[PDB]
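Only one structure is covered here, and it is reproduced in the block below.
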Ligand SMILES: Cc1cccc(-c2cn(CC[C@H](N)Cc3cc(F)c(F)cc3F)nn2)c1
Ligand SMILES: Cc1cccc(-c2cn(CC[C@H](N)Cc3cc(F)c(F)cc3F)nn2)c1
């Protein structure tokens, strides 16, 4: 027997996670059956912290919970209702743990946009009708910090669409100070930002389709504007509209259009900000101190740091976040060095220069933890593989004393690690994601002994010995004087002498990685396992984690190299001779659907067919923060030329040579139906036949249970047919 | 060689028309090459009336012309820009024929909604920004009759969406009196009518899709309201806002929601109106006289005639129009008699009863002309075939003296006639549409001698002897004690002993006729001629021209009998044994996409596959005037039950048994994309795979040159594949 489509769609073979949240420097919470336990890492003893039956009469299905850091209250999120990618609304009840009662006085209102405890104690900040509210005690009246909030226009403590998706990667635009004194929050004015309008159809009952209106800046459109504020949460008059002290931006930003692009507190009275120019090659960091006499905030022009690039844009998707030392007089931050590799730079608050505390022909991925002794960072250094991911520690007193904590823990089973440290970094969890089965283990920082194995998925391991799994090959090939990685999913019993049909699975977007050591059970597993199809991927130019020379190659050039390298990557898989070069296909979502579409439109004749799911078809239709970061402005002085030269529509003719399946969700707020509807029109105009499928009311994920099954079923038929 | 798809899509074999407009009782205008001639029917001589080169320096491509009845001016329509089905906007220049100059003073404004001469002389009424304007002389200032016009809200002299499509079948809501004294006009208030909102995507250039908003009453929603007015076009103060004398409705109408449903002038000072209840089983005619002393209008309660039905709705799609005798004291009107057959009733203005001047088991189609001696009517009496159409005359002095003027003119070539009479009915054109090649001939009423053959399409006839045409069989079958007509397009050399694959071509709507004697060169021609496929059609219950017993069968029952009869019709075609009963398909547009969808969802297992093009999926989504005319109100007291029991969505499951192609234009204002999008969602919910195709910016006709070709190409592959 074999890994079938239903196996994938019905999820018959489960991967197991181990999901914990650290509540102290030695205690974390795990959920079990329905009980919330608390595992003491020190001894190993675990205690029922909350019992499955504690909420049987609660009367509502509970979507999420949040426990106040001081263990005194638990937040109960129910009535969840997704909005965009990270945003949603909900209702909230607070339960008193000291007692055993749900607070009925001054409750958090229905339809709340965001909720959060202070990092210490049990204060609540919560946004509602676009306005911030603070609650020092669960049962007491709430101090309404903001008054200006207005639907689709003013955003207080929450991001508008473009800031949510493309900048902060969350819905929440607020930030407590490390002890809970100050509530930093940002403000978004969307007044002159244009609306995207699309239909929502709803239940068959709904007689007129709703029109959905979203402030969405397409490329070169009018952006939102931001203002930043800080509030003292202590001095809160039960009888005066609280004073929000605005920090303004540097004057190098205030000349032109800008985005606030990071908010990191350093100390109890020192906050750092990072600003980005609308042209995203120039960033500025500010450090703002609290002047205890004036109640104001002061950002010294001598404490400013500038980050800029000449070969492309600043950061991977934004500038990295700083990691301040206990005192808050120095920080660590990832930057690309002179050779273009993202490493750790050591900064003194008021010194313009930094010191690199790593270098190499590889990249730091992220700074994970910082003690007085150690900085922990994840990097793809080990075995020189960029698809890999490991935990290291560097000695703060000695920059040449680097230990790899994970490299050797299980060499064969484990090459992709992520880490979760406890408060003050006493203990850490290591998550292994491949190439073997996921493996979750606990560790103490002190001497690095492996206390316990929390999850090894042996349960699944048993189940899979009965199933003909595909194998995964990860390797590289040299194109110029650069090595480019690829990965194949090989059908079980892979006979290198036969000729297999290949499916080129595509993303390709700037700073992507589709070739890694991760263990996945997805659609490709089924395509190899059962249909004996090689599903390949290739991280050519534009892609991440291999230094700026590669990643910035597509600067102001989207839809060129990344596209051509994908074709090349296919030519080469044919030169390996286990590939039926008359049955090569291509497929992709989001950016990858664009690249898929661009490829079929190239008339390279390498490819028989392709599926583009929710593709971008023309950069001008995509949002500004993303598009511009790579292409600049679409005016004839900036880059309007490459904008006009890189559409799927102009390659319409060549589709005559291919079989094409274009699939789009009608209620995609992210890559709007328009992109796909302009392609279809284009093809129809030049008399190209193709295949289409819309998905009513689906968004960019086409992720509803039934549509997920439908789309994948539909694509399989398409692929099968295409390949006989 | 054979009739191929391209032959149909590139229109290589042309049918020729003969398009003339009568300007007198003996002269008509024909266009030739680019010259407008005038053929005198009296002698036969023809003269250049306007020369092809008269407008070479005109500077604009001329979409249409209109010549004033008194030969003095010609109206020049250019910059045409389609709106809905009949509606559009344009610009207009007026050219003086007496002289040779384009009037430059007081020109008709850009973006005019409607324009028309008075029936006599050369006055102009023209609607613009929703308001009426009169012009007694081309060069003189225009008297603005209305002031209340407002976009999407107030319609003066033009119909709103639902009145255009479903009532008057034109854009123009105005009516001159027979000599040009009075301008009758209607007014539409759409204030509380709900909007349909859909996207338009436009040229690739357009960066945000436009949202299109249209006042559109779905079933049971708030209807537009109407008021009627008459103006004296002579007494027009170059210094006073002209007085519009409102006629109001009967009081039997004013109790509830109503529509104005006909406007026929009787004499120079007597206008007739017809009113319809929102429940469309009750009509009332009014006759309104001009009181020369009061300047008012008076509709005598004794001159009212009531039209109503108990077994269904009044009229075929509306009540028929009256035909008033010279004096205006009697009129002729078509009504169904006691046995349910539409015949001519003779009415005296103030007498409640009428006299039937025809009876039979067949129907009058329309009253074409009326003299002091004769009434001319078209009917399907000849050979007892309802798919036929003939010209007859009845003697006004003797109701038993009926002559058929066409029946015998060419029995084999000619069984479908239409007629165009000259002023006072001195001469007429006969248009033969099948079953042979279209034949256009001229005739004098006086003794009925056939002056000349104007067009015989012998040019095409030559061309087609070289091509393997399909033959067409029209016949009937008995189901209960009723005979139901069907037609087959049979592949050339049709061997009755073989087993052919059949495609059931569906419309099926209330009062439809898909089985007739007409000669067509369409898609079916290609399917039979080249793919040797039988393309059948069948007019079962609900269908027109065979009396109320059949047509009213579906009253309050849409999506039942008409649907079941179509399945039946296919069972029976299998019993004829030349049909491969494992390769039967079904297809349909508009209503027929609905019926096609209902059938596949019936699980009758007769049908392998089907194509539904722009179907209705649920009656509550279609406009009110149509839907209600057949189903009543969708409230639980009226008919909400049949409404909820007749959706395509509830048959979702059964689609498992079929192969389905659903095709819809995104910018369909008539059957909104919602209808299709609710189907696709329904199918995806029960995990049925199917095939889809949207058409960017196309409407209900998918009729742009490139989309037309694309859709039909696409459906062919589908059909071919479905049939191997
Ligand atoms: C692994 C990792 C870590 C942190 C940030 C990110 C990340 C990923 N992204 C992508 C955001 C962007 N909206 C993706 C996107 C690209 C398209 F081209 C498109 F059409 C739609 C998209 F959502 N931004 N930041 C990824
Ligand atoms: C031959 C002839 C003479 C006069 C009027 C008409 C006539 C034809 N029609 C059809 C109009 C109707 N809206 C068609 C239609 C039906 C549907 F069910 C639908 F979903 C969409 C449509 F356009 N109404 N009146 C036909």
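Going from the start of the chain as shown, residues are counted 1 onward.
Determination method: X-ray crystallography, 3.2 Å.
The backbone N, Cα and C atoms fix where each Cβ goes, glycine too.
If you look up Swiss-Prot, you'll see B:590, B:668, B:700 marked as active site, charge relay system. Swiss-Prot lists B:288-B:299, B:345-B:354, B:404-B:407, B:414-B:432, B:609-B:722 with the feature disulfide bond. Among the features that Swiss-Prot reports, N-linked glycosylation site is placed at B:45, B:52, B:110, B:179, B:189, B:241, B:281, B:480, B:645, with the record citing experimental evidence.
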Close-lying recorded positions around ligand 2 among B:281, B:299, B:432, B:590, B:722, where CB distance stays under 6 Å: B:590
Three-state secondary structure, which DSSP defines for residue B:480 (N-linked glycosylation site): coil
Residues satisfying Cβ distance under 8 Å from residue B:345 (disulfide bond), sequence separation of at least 6: B:332, B:333, B:334, B:335, B:354, B:355, B:356, B:357
Cβ-based isolation winner (fewest other Cβ atoms within 10 Å) among the disulfide-bonded residues B:404, B:407, B:414, B:609: B:404
Alpha-carbon spacing, residue B:407 (disulfide bond) to residue B:700 (active site, charge relay system), which is rounded to whole Å: 37
Residue from B:590, B:668, B:700 whose C-alpha is spatially nearest that of residue B:281 (N-linked glycosylation site), among the active-site residues: B:590
Secondary structure at residue B:299 (disulfide bond), reduced by DSSP to three states: strand
All-chain count of other Cβ atoms within 10 Å of residue B:110 (N-linked glycosylation site): 11
B:288, B:299, B:432, B:722 as disulfide-bonded residues, winner by CB count within 10 A: B:432
Spatial neighbours, same chain, of residue B:52 (N-linked glycosylation site) - Cβ under 8 Å, 6+ residues apart: B:33, B:34, B:35
C-alpha spacing of residue B:45 (N-linked glycosylation site) relative to residue B:590 (active site, charge relay system), in angstrom: 47
Closest of B:299, B:404, B:645 to residue B:414 (disulfide bond), Cα positions, recorded positions only: B:404
Of the recorded positions listed as B:179, B:189, B:404, B:700, the one whose CA lies nearest the CA of residue B:288 (disulfide bond): B:179
Cα distance (Å, whole number) from residue B:700 (active site, charge relay system) to residue B:404 (disulfide bond): 39
Pairwise Cα distance for residue B:668 (active site, charge relay system)/residue B:299 (disulfide bond) [Å, integer]: 41
